[PDB]
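Engineer: Contents of protein35.tsv (TSV, C-alpha atoms) are given next:
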chain	number	residue	atom	x	y	z
F	1	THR	CA	-47.31	117.85	-117.69
F	2	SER	CA	-45.17	115.04	-116.24
F	3	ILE	CA	-45.87	111.36	-115.50
F	4	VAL	CA	-45.68	111.93	-111.75
F	5	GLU	CA	-48.14	114.81	-112.08
F	6	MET	CA	-50.59	112.75	-114.10
F	7	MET	CA	-50.50	109.93	-111.58
F	8	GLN	CA	-51.26	112.09	-108.52
F	9	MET	CA	-55.05	111.68	-108.57
F	10	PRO	CA	-55.11	107.96	-109.51
F	11	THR	CA	-52.53	107.22	-106.79
F	12	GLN	CA	-54.73	108.92	-104.22
F	13	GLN	CA	-57.82	107.04	-105.29
F	14	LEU	CA	-56.03	103.70	-105.32
F	15	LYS	CA	-54.57	104.47	-101.88
F	16	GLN	CA	-58.03	105.43	-100.65
F	17	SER	CA	-59.67	102.25	-101.95
F	18	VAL	CA	-57.03	100.00	-100.33
F	19	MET	CA	-57.22	101.73	-96.95
F	20	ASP	CA	-61.05	101.69	-97.01
F	21	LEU	CA	-61.03	97.93	-97.47
F	22	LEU	CA	-58.31	97.21	-94.92
F	23	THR	CA	-59.81	99.40	-92.19
F	24	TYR	CA	-63.23	97.70	-92.45
F	25	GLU	CA	-64.04	96.47	-88.95
F	26	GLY	CA	-65.89	93.33	-89.99
F	27	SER	CA	-69.33	91.96	-89.17
M	1	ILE	CA	-36.09	106.18	-99.93
M	2	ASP	CA	-32.81	108.15	-100.01
M	3	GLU	CA	-32.82	107.96	-103.83
M	4	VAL	CA	-36.06	109.91	-103.95
M	5	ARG	CA	-35.26	113.39	-105.22
M	6	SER	CA	-38.77	114.78	-105.75
M	7	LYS	CA	-40.77	116.17	-102.80
M	8	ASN	CA	-43.99	115.48	-104.69
M	9	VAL	CA	-43.01	111.81	-104.95
M	10	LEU	CA	-41.60	111.73	-101.42
M	11	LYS	CA	-44.85	112.92	-99.83
M	12	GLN	CA	-46.96	110.55	-101.90
M	13	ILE	CA	-44.86	107.49	-101.10
M	14	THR	CA	-44.67	108.48	-97.43
M	15	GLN	CA	-48.48	108.45	-97.38
M	16	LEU	CA	-48.64	105.13	-99.20
M	17	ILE	CA	-46.20	103.30	-96.93
M	18	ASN	CA	-47.07	104.83	-93.57
M	19	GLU	CA	-50.83	104.47	-93.83
M	20	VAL	CA	-50.93	100.83	-94.89
M	21	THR	CA	-48.33	99.71	-92.33
M	22	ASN	CA	-49.90	101.62	-89.41
M	23	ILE	CA	-53.51	100.44	-89.31
M	24	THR	CA	-54.85	100.54	-85.77
M	25	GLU	CA	-58.50	101.57	-85.63
M	26	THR	CA	-61.17	100.00	-87.84
M	27	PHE	CA	-64.54	101.40	-88.92
M	28	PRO	CA	-67.98	100.36	-90.06
M	29	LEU	CA	-68.99	100.59	-93.71
M	30	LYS	CA	-69.76	104.08	-94.96
M	31	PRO	CA	-73.50	104.62	-95.52
M	32	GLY	CA	-74.74	102.63	-98.51
M	33	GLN	CA	-71.49	100.71	-98.93
M	34	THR	CA	-71.10	96.92	-98.91
M	35	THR	CA	-68.26	94.44	-98.52
M	36	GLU	CA	-68.60	93.54	-102.20
M	37	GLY	CA	-68.65	97.27	-103.02
M	38	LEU	CA	-65.31	97.73	-101.24
M	39	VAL	CA	-63.73	95.20	-103.58
M	40	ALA	CA	-65.48	96.74	-106.60
M	41	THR	CA	-64.09	100.17	-105.77
M	42	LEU	CA	-60.61	98.70	-105.32
M	43	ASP	CA	-60.91	96.89	-108.65
M	44	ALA	CA	-61.95	100.09	-110.46
M	45	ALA	CA	-59.18	102.07	-108.80
M	46	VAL	CA	-56.55	99.55	-109.88
M	47	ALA	CA	-57.95	99.69	-113.41
M	48	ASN	CA	-57.98	103.49	-113.54
M	49	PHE	CA	-54.38	103.60	-112.31
M	50	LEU	CA	-53.38	101.22	-115.10
M	51	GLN	CA	-55.27	103.23	-117.72
M	52	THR	CA	-53.87	106.61	-116.68
M	53	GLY	CA	-50.41	105.08	-116.28
M	54	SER	CA	-50.52	103.68	-119.83
M	55	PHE	CA	-51.63	107.03	-121.24
M	56	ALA	CA	-48.92	108.89	-119.28
M	57	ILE	CA	-46.24	106.54	-120.59
M	58	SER	CA	-47.44	106.82	-124.20
M	59	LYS	CA	-47.22	110.62	-124.09
M	60	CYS	CA	-43.72	110.67	-122.59
M	61	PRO	CA	-41.60	112.82	-124.90
M	62	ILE	CA	-38.65	110.39	-124.93
M	63	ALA	CA	-40.80	107.40	-126.05
M	64	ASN	CA	-38.76	107.22	-129.23
M	65	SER	CA	-35.35	108.16	-127.93
M	66	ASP	CA	-35.12	105.86	-124.93
M	67	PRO	CA	-36.85	102.50	-125.47
M	68	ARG	CA	-35.38	100.77	-122.40
M	69	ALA	CA	-36.78	103.57	-120.25
M	70	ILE	CA	-40.30	102.95	-121.55
M	71	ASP	CA	-39.71	99.22	-121.01
M	72	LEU	CA	-38.93	99.76	-117.33
M	73	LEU	CA	-42.08	101.87	-116.98
M	74	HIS	CA	-44.25	99.16	-118.49
M	75	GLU	CA	-42.56	96.57	-116.25
M	76	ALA	CA	-43.20	98.67	-113.14
M	77	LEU	CA	-46.80	99.28	-114.16
M	78	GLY	CA	-47.14	95.53	-114.64
M	79	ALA	CA	-46.06	95.01	-111.04
M	80	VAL	CA	-48.98	97.23	-109.99
M	81	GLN	CA	-51.36	95.17	-112.13
M	82	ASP	CA	-50.07	91.94	-110.61
M	83	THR	CA	-50.00	92.98	-106.93
M	84	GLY	CA	-53.33	94.63	-107.67
M	85	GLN	CA	-54.75	91.27	-108.69
M	86	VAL	CA	-53.50	89.63	-105.48
M	87	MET	CA	-54.99	92.48	-103.45
M	88	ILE	CA	-58.39	92.07	-105.12
M	89	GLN	CA	-58.36	88.32	-104.43
M	90	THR	CA	-57.12	88.36	-100.83
M	91	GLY	CA	-59.19	91.44	-100.17
M	92	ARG	CA	-62.27	89.59	-101.35
M	93	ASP	CA	-61.33	86.62	-99.16
M	94	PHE	CA	-61.08	88.95	-96.20
M	95	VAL	CA	-64.31	90.92	-96.58
M	96	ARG	CA	-66.21	87.66	-97.03
M	97	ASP	CA	-64.81	86.28	-93.77
M	98	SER	CA	-64.19	89.57	-92.04
M	99	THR	CA	-63.73	88.17	-88.52
M	100	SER	CA	-60.76	86.09	-89.64
M	101	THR	CA	-57.72	87.77	-88.08
M	102	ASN	CA	-55.51	85.68	-90.35
M	103	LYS	CA	-57.31	86.67	-93.56
M	104	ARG	CA	-57.13	90.31	-92.46
M	105	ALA	CA	-53.38	89.95	-92.04
M	106	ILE	CA	-52.98	88.38	-95.49
M	107	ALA	CA	-55.07	91.13	-97.10
M	108	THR	CA	-53.04	93.77	-95.23
M	109	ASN	CA	-49.82	92.19	-96.49
M	110	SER	CA	-51.29	92.25	-100.01
M	111	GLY	CA	-52.02	95.95	-99.50
M	112	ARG	CA	-48.45	96.66	-98.43
M	113	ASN	CA	-47.15	94.90	-101.52
M	114	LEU	CA	-49.52	96.76	-103.85
M	115	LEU	CA	-48.91	100.24	-102.47
M	116	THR	CA	-45.16	99.53	-102.45
M	117	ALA	CA	-45.39	98.65	-106.15
M	118	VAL	CA	-47.24	101.93	-106.69
M	119	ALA	CA	-44.45	103.75	-104.85
M	120	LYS	CA	-41.74	102.06	-106.96
M	121	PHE	CA	-43.63	103.08	-110.10
M	122	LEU	CA	-43.70	106.71	-109.00
M	123	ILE	CA	-39.97	106.65	-108.22
M	124	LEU	CA	-39.20	105.26	-111.64
M	125	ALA	CA	-41.61	107.79	-113.18
M	126	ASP	CA	-39.66	110.65	-111.61
M	127	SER	CA	-36.40	109.28	-113.01
M	128	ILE	CA	-37.91	109.28	-116.51
M	129	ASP	CA	-39.28	112.77	-115.97
M	130	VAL	CA	-35.66	113.75	-115.17
M	131	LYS	CA	-34.41	112.09	-118.38
M	132	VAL	CA	-36.79	114.34	-120.28
M	133	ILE	CA	-35.14	117.40	-118.72
M	134	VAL	CA	-31.69	116.01	-119.54
M	135	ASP	CA	-32.82	115.54	-123.15
M	136	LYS	CA	-33.68	119.26	-123.23
M	137	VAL	CA	-30.20	120.12	-121.89
M	138	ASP	CA	-28.75	118.01	-124.72
M	139	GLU	CA	-30.83	119.90	-127.26
M	140	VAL	CA	-29.48	123.23	-125.94
M	141	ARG	CA	-25.97	121.77	-126.01
M	142	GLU	CA	-26.28	120.78	-129.68
M	143	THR	CA	-27.74	124.09	-130.78
M	144	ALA	CA	-24.87	125.87	-128.99
M	145	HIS	CA	-22.44	123.48	-130.66
M	146	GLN	CA	-23.83	124.42	-134.06
M	147	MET	CA	-23.70	128.11	-133.18
M	148	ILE	CA	-19.99	127.85	-132.31
M	149	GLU	CA	-19.33	126.02	-135.58
M	150	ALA	CA	-21.39	128.35	-137.80
M	151	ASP	CA	-19.43	129.96	-140.59
M	152	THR	CA	-21.78	132.84	-141.43
M	153	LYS	CA	-23.33	135.74	-139.52
M	154	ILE	CA	-26.82	134.75	-140.73
M	155	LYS	CA	-26.36	131.22	-139.35
M	156	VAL	CA	-25.18	132.56	-135.99
M	157	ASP	CA	-28.27	134.77	-135.67
M	158	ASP	CA	-30.66	132.00	-136.76
M	159	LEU	CA	-29.12	129.49	-134.38
M	160	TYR	CA	-29.22	131.98	-131.51
M	161	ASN	CA	-32.90	132.61	-132.30
M	162	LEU	CA	-33.45	128.88	-131.72
M	163	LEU	CA	-31.24	128.83	-128.64
M	164	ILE	CA	-33.19	131.70	-127.03
M	165	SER	CA	-36.38	129.68	-127.10
M	166	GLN	CA	-34.78	126.41	-126.07
M	167	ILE	CA	-33.10	128.01	-123.08
M	168	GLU	CA	-36.33	129.76	-122.06
M	169	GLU	CA	-38.14	126.38	-122.17
M	170	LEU	CA	-35.37	124.69	-120.20
M	171	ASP	CA	-35.28	127.52	-117.68
M	172	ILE	CA	-38.95	127.01	-116.80
M	173	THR	CA	-38.61	123.25	-116.26
M	174	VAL	CA	-35.38	123.60	-114.28
M	175	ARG	CA	-36.84	126.24	-111.93
M	176	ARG	CA	-39.81	123.96	-111.26
M	177	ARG	CA	-37.50	121.00	-110.69
M	178	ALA	CA	-35.50	123.07	-108.23
M	179	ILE	CA	-38.64	123.81	-106.18
M	180	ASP	CA	-39.47	120.07	-106.10
M	181	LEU	CA	-35.97	118.87	-105.11
M	182	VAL	CA	-35.66	117.13	-101.74
M	183	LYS	CA	-32.03	118.06	-101.01
M	184	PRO	CA	-31.41	121.84	-100.67
M	185	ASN	CA	-27.85	121.45	-101.86
M	186	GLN	CA	-29.09	119.93	-105.15
M	187	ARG	CA	-31.65	122.71	-105.27
M	188	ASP	CA	-28.97	125.38	-104.82
M	189	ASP	CA	-26.58	123.67	-107.25
M	190	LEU	CA	-29.28	123.38	-109.91
M	191	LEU	CA	-30.19	127.04	-109.52
M	192	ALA	CA	-26.53	128.03	-109.72
M	193	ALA	CA	-26.09	126.10	-112.96
M	194	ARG	CA	-29.32	127.65	-114.31
M	195	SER	CA	-27.98	131.12	-113.56
M	196	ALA	CA	-24.64	130.32	-115.20
M	197	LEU	CA	-26.38	129.11	-118.35
M	198	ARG	CA	-28.53	132.26	-118.53
M	199	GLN	CA	-25.48	134.53	-118.15
M	200	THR	CA	-23.19	132.59	-120.47
M	201	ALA	CA	-25.40	132.01	-123.50
M	202	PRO	CA	-25.79	135.71	-124.49
M	203	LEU	CA	-22.02	136.11	-124.19
M	204	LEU	CA	-21.51	133.05	-126.38
M	205	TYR	CA	-23.81	134.63	-128.98
M	206	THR	CA	-21.91	137.88	-129.16
M	207	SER	CA	-18.44	136.29	-128.97
M	208	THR	CA	-19.29	133.88	-131.82
M	209	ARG	CA	-20.88	136.62	-133.90
M	210	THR	CA	-17.88	138.93	-133.49
M	211	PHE	CA	-15.46	136.10	-134.28
M	212	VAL	CA	-17.16	135.07	-137.56
M	213	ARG	CA	-16.87	138.70	-138.66
M	214	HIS	CA	-13.24	139.05	-137.57
M	215	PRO	CA	-11.35	135.74	-137.53
M	216	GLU	CA	-7.87	137.46	-137.47
M	217	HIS	CA	-8.70	139.02	-134.18
M	218	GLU	CA	-6.99	136.77	-131.61
M	219	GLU	CA	-8.69	138.17	-128.52
M	220	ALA	CA	-11.98	137.53	-130.30
M	221	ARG	CA	-10.95	133.88	-130.70
M	222	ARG	CA	-9.92	133.62	-127.06
M	223	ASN	CA	-13.13	135.18	-125.79
M	224	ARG	CA	-15.21	132.82	-127.90
M	225	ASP	CA	-13.26	129.78	-126.66
M	226	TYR	CA	-13.55	130.95	-123.06
M	227	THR	CA	-17.29	131.58	-123.20
M	228	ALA	CA	-17.75	128.24	-124.96
M	229	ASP	CA	-15.98	126.51	-122.05
M	230	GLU	CA	-18.22	128.35	-119.60
M	231	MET	CA	-21.28	127.26	-121.59
M	232	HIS	CA	-20.22	123.64	-121.61
M	233	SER	CA	-19.53	123.70	-117.87
M	234	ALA	CA	-22.99	125.09	-117.08
M	235	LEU	CA	-24.75	122.48	-119.21
M	236	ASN	CA	-22.67	119.68	-117.69
M	237	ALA	CA	-23.48	121.09	-114.26
M	238	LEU	CA	-27.24	120.99	-114.94
M	239	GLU	CA	-27.00	117.39	-116.12
M	240	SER	CA	-24.79	116.38	-113.18
M	241	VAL	CA	-27.17	117.84	-110.58
M	242	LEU	CA	-30.31	116.50	-112.30
M	243	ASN	CA	-28.64	113.08	-111.96
M	244	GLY	CA	-28.01	113.68	-108.26
M	245	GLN	CA	-24.30	114.37	-108.62
M	246	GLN	CA	-22.06	117.27	-107.62
M	247	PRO	CA	-21.09	119.61	-110.48
M	248	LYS	CA	-17.53	119.94	-111.94
Output the file's structure as structure tokens, nothing else.
Structural biologist:
Amino acid sequence: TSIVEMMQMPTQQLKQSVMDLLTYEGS
Amino acid sequence: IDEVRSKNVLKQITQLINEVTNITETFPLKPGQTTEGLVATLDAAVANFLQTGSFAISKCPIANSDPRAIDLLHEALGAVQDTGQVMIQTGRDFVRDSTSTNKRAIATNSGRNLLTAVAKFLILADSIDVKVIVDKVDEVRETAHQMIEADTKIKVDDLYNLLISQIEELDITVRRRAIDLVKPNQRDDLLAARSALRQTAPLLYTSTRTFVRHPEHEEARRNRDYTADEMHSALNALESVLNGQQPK
């Protein structure tokens, strides 16, 4: 497989973890 | 963005950039989650990206052949590590003072920078993936070169046995690349060059084999030269299109 292919899942999880933090509404 | 030639990459980077620059609604913590947990997850996700990225780079088949390429990849991965660090810090600052509009903005900016660095890594990764295909074209080109130069029937057959497999391997990767290409004209051009290679190589085999058996035969010489030219044009066309250029 290719580098792009191997990075698909880790890209998604990193994306997910950034968006989860930035869309936190606060206290 | 216009340099992006892979639809797989294009969709991923479109997600990365659009989502982080278009935050409107915000949400409570998912059940069981904490502010410190949000940072922990982010930290682990950065780390896993770096680990998988390092592994992917180390397995890249042109690791030997193209050292500057691997250097760019490590540099680009380093930019993810660095922006990742800033994101973890500013992110932590934000979640710990989560009503601070200004700390939210800084963390959001950190997020843009990090996901942009991820996008640049993927774009570079695709270019290296393309270099691997080009390396395969070069291998086919050299085997064909040797076949044309062979001075015995047994050499011509043995070299064509190698060429059959190399072209079959290349054919698979080129067809898949064609499906992933953003621009339909590059897609169509790549497929045309693929077809030309598949048609020309068997003719090169039989023209070379006939010519080694009958060198005095001037139409045999002409046919071999002509099919060789056709072969070279197809291979050059594949390389041209893979590099985002028009053939010929």
Engineer: Show me, as a ChimeraX atom specification, the residues that have an atom within 12 Å of residue 128 in chain M when counting all atoms listed in the file, minus same-chain residues fewer than 2 positions from it.
Structural biologist: /F:2-4 /M:56-57,60-63,65-73,121-126,130-135,242-243
Engineer: Could you list, as a PyMOL selection string, every residue within 12 Å of range 15-19 of chain F, counting all atoms listed in the file and ignoring same-chain residues fewer than 5 positions away?
Structural biologist: (chain F and resi 7-10+24-25) or (chain M and resi 12-27+37-49+83-84+87-88+90-92+107-119)
Engineer: With all atoms listed in the file as the basis for distance, which of M:86, M:9, M:106, M:172 is at the shortest distance from chain F?
Structural biologist: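 Under the stated criterion, the closest residue is M:9.
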Engineer: Given only C-alpha atoms as the basis, pick out the residue of M:99, M:55, M:81, M:50 nearest to chain F.
Structural biologist: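 Between M:99, M:55, M:81, M:50, the residue approaching chain F most closely is M:99.
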Engineer: To one decimal in Å, tell me the separation between CA of residue 82 in chain M and CA of residue 1 in chain F.
Structural biologist: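 For CA of residue 82 in chain M relative to CA of residue 1 in chain F, the distance reads 27.0 Å.
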Engineer: Find the residue from M:188, M:129, M:36, M:93 that sits nearest to chain F; use only C-alpha atoms when measuring.
Structural biologist: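 That would be M:129, the residue with the smallest distance to chain F.
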Engineer: Calculate how many Å separate CA of residue 59 in chain M from CA of residue 169 in chain M, rounding to one decimal.
Structural biologist: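 Here the two named atoms are 18.3 Å from each other.
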Engineer: Just need chain F in a file, please: N, CA and C atoms, as a PDB file, in the first residue's frame.
Structural biologist:
ATOM      1  N   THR F   1       0.822  -1.205   0.000  1.00  0.00           N
ATOM      2  CA  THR F   1       0.000   0.000   0.000  1.00  0.00           C
ATOM      3  C   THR F   1       0.862   1.264   0.000  1.00  0.00           C
ATOM      4  N   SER F   2       0.217   2.413  -0.191  1.00  0.00           N
ATOM      5  CA  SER F   2       0.914   3.687  -0.358  1.00  0.00           C
ATOM      6  C   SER F   2       0.949   4.503   0.936  1.00  0.00           C
ATOM      7  N   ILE F   3       1.753   5.564   0.960  1.00  0.00           N
ATOM      8  CA  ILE F   3       1.842   6.398   2.163  1.00  0.00           C
ATOM      9  C   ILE F   3       0.507   7.088   2.429  1.00  0.00           C
ATOM     10  N   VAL F   4      -0.092   7.654   1.388  1.00  0.00           N
ATOM     11  CA  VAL F   4      -1.398   8.280   1.548  1.00  0.00           C
ATOM     12  C   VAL F   4      -2.391   7.288   2.136  1.00  0.00           C
ATOM     13  N   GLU F   5      -2.388   6.057   1.633  1.00  0.00           N
ATOM     14  CA  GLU F   5      -3.351   5.065   2.102  1.00  0.00           C
ATOM     15  C   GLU F   5      -3.140   4.761   3.578  1.00  0.00           C
ATOM     16  N   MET F   6      -1.881   4.650   3.974  1.00  0.00           N
ATOM     17  CA  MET F   6      -1.572   4.302   5.350  1.00  0.00           C
ATOM     18  C   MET F   6      -1.946   5.418   6.300  1.00  0.00           C
ATOM     19  N   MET F   7      -1.951   6.647   5.804  1.00  0.00           N
ATOM     20  CA  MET F   7      -2.227   7.780   6.679  1.00  0.00           C
ATOM     21  C   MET F   7      -3.706   8.136   6.770  1.00  0.00           C
ATOM     22  N   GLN F   8      -4.568   7.412   6.056  1.00  0.00           N
ATOM     23  CA  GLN F   8      -5.991   7.762   6.044  1.00  0.00           C
ATOM     24  C   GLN F   8      -6.617   7.715   7.440  1.00  0.00           C
ATOM     25  N   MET F   9      -6.453   6.595   8.137  1.00  0.00           N
ATOM     26  CA  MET F   9      -7.056   6.458   9.469  1.00  0.00           C
ATOM     27  C   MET F   9      -6.424   7.413  10.504  1.00  0.00           C
ATOM     28  N   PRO F  10      -5.082   7.515  10.569  1.00  0.00           N
ATOM     29  CA  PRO F  10      -4.531   8.468  11.546  1.00  0.00           C
ATOM     30  C   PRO F  10      -4.880   9.935  11.276  1.00  0.00           C
ATOM     31  N   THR F  11      -5.042  10.303  10.010  1.00  0.00           N
ATOM     32  CA  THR F  11      -5.486  11.647   9.654  1.00  0.00           C
ATOM     33  C   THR F  11      -6.882  11.897  10.204  1.00  0.00           C
ATOM     34  N   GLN F  12      -7.771  10.931  10.005  1.00  0.00           N
ATOM     35  CA  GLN F  12      -9.136  11.065  10.497  1.00  0.00           C
ATOM     36  C   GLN F  12      -9.153  11.214  12.005  1.00  0.00           C
ATOM     37  N   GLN F  13      -8.332  10.447  12.698  1.00  0.00           N
ATOM     38  CA  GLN F  13      -8.420  10.468  14.148  1.00  0.00           C
ATOM     39  C   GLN F  13      -7.845  11.758  14.678  1.00  0.00           C
ATOM     40  N   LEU F  14      -6.781  12.237  14.044  1.00  0.00           N
ATOM     41  CA  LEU F  14      -6.191  13.514  14.429  1.00  0.00           C
ATOM     42  C   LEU F  14      -7.182  14.646  14.145  1.00  0.00           C
ATOM     43  N   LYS F  15      -7.787  14.640  12.959  1.00  0.00           N
ATOM     44  CA  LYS F  15      -8.832  15.606  12.642  1.00  0.00           C
ATOM     45  C   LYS F  15      -9.916  15.589  13.713  1.00  0.00           C
ATOM     46  N   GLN F  16     -10.388  14.390  14.037  1.00  0.00           N
ATOM     47  CA  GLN F  16     -11.470  14.229  15.002  1.00  0.00           C
ATOM     48  C   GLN F  16     -11.093  14.827  16.356  1.00  0.00           C
ATOM     49  N   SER F  17      -9.866  14.567  16.799  1.00  0.00           N
ATOM     50  CA  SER F  17      -9.454  15.002  18.136  1.00  0.00           C
ATOM     51  C   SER F  17      -9.292  16.520  18.209  1.00  0.00           C
ATOM     52  N   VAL F  18      -8.886  17.145  17.102  1.00  0.00           N
ATOM     53  CA  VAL F  18      -8.780  18.607  17.053  1.00  0.00           C
ATOM     54  C   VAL F  18     -10.167  19.241  17.062  1.00  0.00           C
ATOM     55  N   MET F  19     -11.063  18.742  16.219  1.00  0.00           N
ATOM     56  CA  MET F  19     -12.405  19.313  16.151  1.00  0.00           C
ATOM     57  C   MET F  19     -13.170  19.137  17.473  1.00  0.00           C
ATOM     58  N   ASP F  20     -12.997  17.991  18.126  1.00  0.00           N
ATOM     59  CA  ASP F  20     -13.646  17.730  19.407  1.00  0.00           C
ATOM     60  C   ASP F  20     -13.228  18.750  20.456  1.00  0.00           C
ATOM     61  N   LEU F  21     -11.949  19.109  20.445  1.00  0.00           N
ATOM     62  CA  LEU F  21     -11.463  20.083  21.420  1.00  0.00           C
ATOM     63  C   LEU F  21     -11.958  21.477  21.064  1.00  0.00           C
ATOM     64  N   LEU F  22     -11.934  21.825  19.782  1.00  0.00           N
ATOM     65  CA  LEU F  22     -12.257  23.204  19.404  1.00  0.00           C
ATOM     66  C   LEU F  22     -13.749  23.494  19.425  1.00  0.00           C
ATOM     67  N   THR F  23     -14.571  22.457  19.341  1.00  0.00           N
ATOM     68  CA  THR F  23     -16.020  22.672  19.391  1.00  0.00           C
ATOM     69  C   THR F  23     -16.594  22.467  20.807  1.00  0.00           C
ATOM     70  N   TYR F  24     -15.723  22.349  21.807  1.00  0.00           N
ATOM     71  CA  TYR F  24     -16.167  22.288  23.194  1.00  0.00           C
ATOM     72  C   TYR F  24     -16.746  23.640  23.582  1.00  0.00           C
ATOM     73  N   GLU F  25     -17.937  23.629  24.169  1.00  0.00           N
ATOM     74  CA  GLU F  25     -18.677  24.867  24.401  1.00  0.00           C
ATOM     75  C   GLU F  25     -18.168  25.667  25.593  1.00  0.00           C
ATOM     76  N   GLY F  26     -17.442  25.011  26.488  1.00  0.00           N
ATOM     77  CA  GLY F  26     -16.966  25.675  27.685  1.00  0.00           C
ATOM     78  C   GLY F  26     -17.814  25.355  28.899  1.00  0.00           C
ATOM     79  N   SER F  27     -17.513  26.016  30.011  1.00  0.00           N
ATOM     80  CA  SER F  27     -18.147  25.699  31.286  1.00  0.00           C
ATOM     81  C   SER F  27     -19.439  26.479  31.517  1.00  0.00           C
TER      82      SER F  27
END
